[PDB]
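Only one chain is given next, in structure tokens, and it is the form deposited in one PDB entry.
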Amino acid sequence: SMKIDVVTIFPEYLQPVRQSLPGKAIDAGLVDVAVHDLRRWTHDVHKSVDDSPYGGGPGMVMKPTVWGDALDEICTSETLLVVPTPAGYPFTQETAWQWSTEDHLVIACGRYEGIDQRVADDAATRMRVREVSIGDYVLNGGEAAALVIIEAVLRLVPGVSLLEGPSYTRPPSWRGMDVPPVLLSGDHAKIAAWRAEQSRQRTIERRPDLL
């Protein structure tokens, strides 16, 4: 059983993962994903969510007063507050495994430059807060990162070292290229060693950092 709340100024962005849920998953109370428009918590007629950064420099910083109200209403002391940001700790498969057993995730989607730091600092005094990066690149908003995180976590919720080498399926011959004959050999010990070497070679070529 897991509840995910997403707070964003683009709630429509999250509508695909809402419907991506199996009907037998949400009916069983194993998962409910709710999306909230951040502007619900704005204070002015202009529904402002950002303001200029202290200490200058082009870019806009999201307002702490608005975010604080939103989190005040949505978060509980049991909440795991996830803040996607390119300045975050790495979000990896180990993280997804860890978060897969959480009762309540709140994902705060920020917009470039970021969210006033006091929001996270304040929240962290009564809940667990995790600023995380899904990758070394910059997005205009956290929304796509939320999709990634939601998918990587939920697929580890039951019912909701090296790189892997190439995979093949039918036909055995296609556009002049044959499936590696070892895979059709019925020698499963040999297949395993073949696959291990394929993985070692691909990892060396693509991710030497992993060795």
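Definition used throughout: the rigid core is the maximal C-alpha set that superposes within 1.5 Å between two forms. The numbering used is simple: start at 1 and walk along the sequence shown.
Unshown form deposited in another entry; subsequent notes refer to it.
Only one candidate in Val182, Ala152, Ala144, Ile26 has its Cα displaced by 2 Å or more between the shown form and the other one after core superposition: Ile26. Closer approach of the C-alpha atoms of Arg155 and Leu21, by 3 angstroms or more, is seen in that other deposited form than in the present form. Relative to what is shown, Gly23 and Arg155 are closer in that other deposited form; their C-alpha atoms differ in spacing by at least 3 Å.
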